[PDB]
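Peer 1: sequence unknown, structure follows:
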Ligand SMILES: Nc1ncnc2c1ncn2[C@@H]1O[C@H](COP(=O)(O)OP(=O)(O)OP(=O)(O)O)[C@@H](O)[C@H]1O
Ligand SMILES: Nc1ncnc2c1ncn2[C@@H]1O[C@H](COP(=O)(O)OP(=O)(O)O)[C@@H](O)[C@H]1O
Ligand SMILES: [Mg+2]
Ligand SMILES: [Mg+2]
C-alpha cells in the first residue's frame, strides 16, 4: 500500500537528518518530538493523504524503528502475551493462554531483525554478532531475551523473549502444588531458620530463583541479609535487607564490577547472611569463605541437575577462578562451607518438583560424602500425562546441621518433621 | 512537624542565598558564623520564633547539613553506638550492646545521602561515585567506612561505619561474666606472660578478637609487638607496639598488600611478638615460621568451632598457599610452632564462654594430639533458659609449656591456678 512507500521514503529522508549516535544519546522526548516534526515535514512535502491518527501511527512506527524495538512494540506492550518468538524476519509467534500462535507481524528484513536484536541485547551491555552469535540475557523489566545470529540460525536471526511474570510463589503454594510435602516444607523452614549454608541447585527453568525467594522468608527479621544478583529478581520481606546488583561492563568494557567483587566487598560490610543471586563465576570461592568464616547461613543459587553435579561444578568454578589451590583443598573447603544442597528440577511433564535435600556430611579421599534427607521417588504417570511421585525422608535421625537446629531451639521441629514422613 | 518545616524553609532560603562554592573550601568557623547569621536573618524575615536553645540547635543542624555529616552526626558523636548502617536514605540502623536496632534518623533523600558519603570519604583523600561505586576506607578516627553507590546499591547508596570502640573488655570483665573462672584467668595470665605461641580460635561472634585483646595485656611492655590486622580492632596499651594493616587492591587490580606480605616483612623487623589480627589465608604459613623461628610468643585468631577444627583449618590455609609441603610436614610444623589453642564459643543463650584452653602435646600416628588443660562442662539449661556450666581443669600437672612458665619464674602461679580449678 501507499503507506509502506511513504514510510520507506520518510525513513530514507530521515536517515541523513541525524547521526546514528545522536538520537540514541539525546533525550527520548526530544528525539520523539524531532521525529514527529521530520515526519510531518516529509508528509507535507510528499503531500501524502492520511488522517491525523494515521500520521500519529506513522510517527510512532518511525520512532519505534529509529530507537524502539520495531513491530515488537505492539506485542511487548500486550499483557496476555507471555512469550515472543521470531524465527526470522517473516515468522513471529506469540504465546497466549499457554498456546503458541502465529502472528501476521513480520519484520522488514532479516537485517532489521538483527539490528533490533543487537539493540535489545545492548540494552544490558551485551552484544550479539558473527563473533558472538549466541546471547542470553535478562532485561531490566525481568523478561529474558535469547538471540541466535544468522551464521548459526540458517533461516535468520532467532529471537526469544520470555516476558516477566511479577507473581511470586510461597511455601504455601509450593506445598499446594505438591512440589514439597508438608514435612519437607517444615524441614526446609528449619534449614532456613537455623542458618544452614544453603546451595539451591537446579536446572534451567527448574525454579532455583523462586525456591530461593521462598526460602529466604525463613530468615529472622533482625538479621542483615545482603543480596548480590545480576538482575533484580528476589523480593525479601525482611526489614534489613540490602540489595546489590552487578554492573555489567559498558559498551567500551570499563566499569565492570563482577559479582566476585560484590561478594568480596560484602565480606567487609558486616552482613549477617550473604545471599548470592546466582553463582555463575569464580565468586563461588569467595562465597564459600563467607559461608565458612562467619556469615553463617549464606545461600546461593547454582545451575546443576544433581547435587553431585552441583558439587563438581562448584569445584570446577573455584578452580577456574585462577586461585592456585589443589583439588583436595577445594573439596575440603566445599565440605566445610556448604551445609545442605537443595535440588529443584523440572519433571518430564513440565511440572517442577524439589528432588533432593542432600546434606554434605564429609570427605573421603577425592569424593564428598553426602546423605539425602529428602528424595523424590517417582512411580509413574497419571491418565492425564502428569508425573506421579512422593517425597520420602531417608530416615536420618541426626543430620549434621542438627547442632544448629539445637542452637536455635528448632531441634523439636526437625525431630518431628524429619521422621513424620519416611 | 513545625520544627521540621521551619528548618526546611530556612535551609531552602540559605541555599538560595548561600553560594556552595565559597563554602567548599572556606574556613569552617567563618562559614558556620555566616550560616548562623543568614539563618537568623531568615528567621526574622520568615517570622520564625522559638527558644534560644531551639534556634541554636536549628542553626547547628543547618550548618552540619551544609558542611557536616548531616542527620547521622549525633549518632557518630554518641559513644554507645558501635556500628552505623544506612541502607537507603530512609532506613538507618545502629548497633547497641551488640543488638541491631532501627532508628528514625531519616535522610531527606538519596541525593543528600550520596553527598554525605562523598564528604565522609573525602577525608581519606578518596572518592566514590558512579565511576567508582565501591569504596572502603579507614578514617583517621579509626572507624572503618564502606560505601556503595546507587548503580550497585539498588535501593540507594549504602554506608557502613564500624566505629572503633575504646572500652575494650579486660580479664576482669571476662571473669565477671564467668566466661573464664578466676583460676582460668590466672592460667591465661601465665600463658600470656610466658610467651606461648597460642592461637585463639572460636566461633562466629564468639569473641576471638576480644579474647586476643585481653590476652595481649599480659605481655612484658619492653617486648616489641607488631600487629598485622585487616580491620584494626586490637588496642594494646604497651609502649612498643607496631600496628600494620593490609591494603585491598583497587578495582583496577593493583596495589594489593596481602597479610602474607605484611608478615613476611615483619620477619625482617626483629619483632619480639607477631600478633596477626585474624589468620584467613596462606599467611598462616609464615606466621608459623615466625612462631618457631624466633619471635617466640606470637598470637593469632582464627575462625574455627573446635581446637581440632582449628588445626585442620590451619593445615588447609597453609596448603592453599601453593607450596609443595605435604601433610606430614605441615602437621609437624603446627605441632612444633603452636603451644596453646584457646577455643572461645557462644552458647545457646547468647553468652560467650571460653570453652577450651588446650595444648598441642605432639604428633602421633600421623595426627596431632591435643591436651585440654581447661574445659567447659555444661549441665543443661536452667529454669530461666540460661545454660549452666562450670570450668573444669583436667588436672595435668606438667603442661608441655611448663618449662617456659618456669623460665619466667611463674611456674608457681601455673601450678596453683591449674590445680585450684579442680
Ligand atoms: N514449584 C513451582 N511451581 C510452579 N511454578 C513454578 C515453580 N517454581 C518456579 N515456577 C515458575 O516457573 C517459572 C520459572 O521459575 P524461576 O523464575 O524460579 O526460574 P529459575 O529456576 O530461577 O531459572 P534460571 O535457571 O533461568 O535462573 C516462573 O514462572 C516461576 O514462577
Ligand atoms: N567473653 C565475653 N563476654 C561478654 N561479651 C563478649 C565476650 N567476648 C566478646 N564479647 C562481645 O562480643 C562482641 C563482638 O566480639 P568480637 O570481638 O567480634 O569476636 P570475634 O572477633 O571473634 O567475632 C564485642 O562487642 C564484645 O562486647
Ligand atoms: Mg535464576
Ligand atoms: Mg574478630
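Peer 2: Arrived safely, thanks for sending. Numbering: from 1, shown residues only, chains lettered A, B, ... in the order given. Ligands and ions are numbered 1, 2, ... in the order given.
Peer 1: Now do the residue most central in space within chain A against residue A:277, distance only.
Peer 2: Nearest residue to the geometric centre of chain A (C-alpha atoms, centre = their mean): residue A:138, 6.4 Å. Going from residue A:138 to residue A:277 by C-beta to C-beta, to the nearest Å gives 11 Å. Every residue, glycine included, has its C-beta placed from N, CA and C.
Peer 1: shared neighbours of these two, anything?
Peer 2: Residues touching both residue A:138 and residue A:277 (C-beta atoms under 8 Å, 6 or more residues apart in numbering or on different chains): A:230, A:231, A:233.
Peer 1: Provide a list of residues in contact with residue A:313.
Peer 2: A:302, A:303, A:304.
Peer 1: With respect to residue A:88, which of those residues is nearest?
Peer 2: residue A:303 (29.4 Å; C-beta to C-beta).
Peer 1: what number of residues lie near that closest one?
Peer 2: Each residue near residue A:303 was counted by other C-beta atoms under 10 Å in any protein chain shown, and the total is 16.
Peer 1: Next: residue A:376.
Peer 2: Residue crowding around residue A:376 was assessed by other C-beta under 10 Å; the count is 22.
Peer 1: show me what contacts it?
Peer 2: Here residue A:376 is in contact with A:353, A:354, A:355, A:356, A:389, A:390, A:391, A:392 (C-beta under 8 Å, 6+ apart).
Peer 1: Could you rerun that using 10 Å?
Peer 2: Going by C-beta atoms under 10 Å, 6 or more residues apart in numbering or on different chains, residue A:376 touches A:179-181, A:184, A:343, A:345, A:347, A:353-357, A:387, A:389-392.
Peer 1: What of residue A:148?
Peer 2: Residue A:148 neighbours (C-beta under 10 Å, 6+ apart): A:87, A:117, A:128, A:133, A:134, A:135, A:136, A:156, A:157, A:158, A:159, A:160.
Peer 1: ok, and what's touching the longest helix along chain A?
Peer 2: For chain A, the longest helix by residue count, based on DSSP state H, is helix A:28-46. Applying C-beta under 10 Å, 6+ apart, the contact partners of helix A:28-46 are A:5-7, A:9-14, A:17-18, A:22-27, A:48-50, A:54-56, A:58-68.
Peer 1: List buried members of those by neighbour count.
Peer 2: A:6-7, A:10-11, A:14, A:18, A:23, A:48, A:58-66, A:68 (16 or more other C-beta atoms under 10 Å in any protein chain shown).
Peer 1: sorry, back to before: among the contacts of helix A:28-46, name the ones in helices.
Peer 2: Counting by DSSP H, those contribute A:5-7, A:9-14, A:22-25, A:54-56, A:58-66 to helices.
Peer 1: in the stretch 51-200 of chain A, what residue is nearest ligand 3?
Peer 2: residue A:138 (8.4 Å; C-beta to the ion).
Peer 1: Name the nearest residue to that residue, ignoring sequence neighbours.
Peer 2: Nearest non-adjacent residue to residue A:138, counting by C-beta to C-beta, 6 or more residues apart in numbering or on different chains: residue A:231, 4.5 Å away.
Peer 1: burial measure for the one you found, as a count.
Peer 2: Using other C-beta under 10 Å, residue A:231 has 19 neighbouring residues.
Peer 1: Equivalent analysis for residue A:389, please.
Peer 2: The tally of other residues near residue A:389 (other C-beta under 10 Å) stands at 16.
Peer 1: partners of it in the sheet?
Peer 2: Beta-bridge partners for residue A:389, by DSSP bridges, are residue A:378.
Peer 1: wait, doesn't it sit right on residue A:180?
Peer 2: No - using C-beta atoms under 10 Å as the test, residue A:389 is too far from residue A:180 to be in contact (11.4 Å).
Peer 1: what's the overlap in contacts for the two?
Peer 2: A:353, A:376.
Peer 1: Enumerate the beta-bridge partners assigned to the closest residue to residue A:344 other than its chain neighbours.
Peer 2: Among residues not flanking residue A:344 along the chain, residue A:202 sits closest, at 3.9 Å (C-beta to C-beta, 6+ apart). Beta-bridge partners for residue A:202, by DSSP bridges, are residue A:304, residue A:344.
Peer 1: what's near enough to touch residue A:202?
Peer 2: Neighbour list for residue A:202: A:208-212, A:301-306, A:310, A:342-346, A:352, A:354-355 [criterion: C-beta under 10 Å, 6+ apart].
Peer 1: One more: residue A:130?
Peer 2: A:149, A:150, A:151, A:152.
Peer 1: Look up the closest residue to the last one, ignoring the ones flanking it.
Peer 2: By the measure of C-beta to C-beta, 6+ apart, the closest residue to residue A:152 outside its immediate chain neighbours is residue A:133, 4.6 Å from it.
Peer 1: Contacts only, for that neighbour.
Peer 2: A:147, A:148, A:149, A:150, A:151, A:152, A:153, A:157, A:158.
Peer 1: In the stretch 201-350 of chain A, which residue sits nearest ligand 2?
Peer 2: Of all residues in the stretch 201-350 of chain A, residue A:294 sits closest to ligand 2, at 6.9 Å by C-beta to the nearest ligand atom.
Peer 1: Leaving out sequence neighbours, find the closest residue to residue A:13.
Peer 2: residue A:42 (5.3 Å).
Peer 1: any idea what residue A:404 is structurally, helix, strand or coil?
Peer 2: helix (DSSP: H, G, I helix; E, B strand; the rest coil).
Peer 1: Wait, it touches residue A:191, no?
Peer 2: Yes - counting by C-beta under 10 Å, residue A:191 is a contact partner of residue A:404 at 9.0 Å.
Peer 1: Since that was my last question, I'll sign off now.
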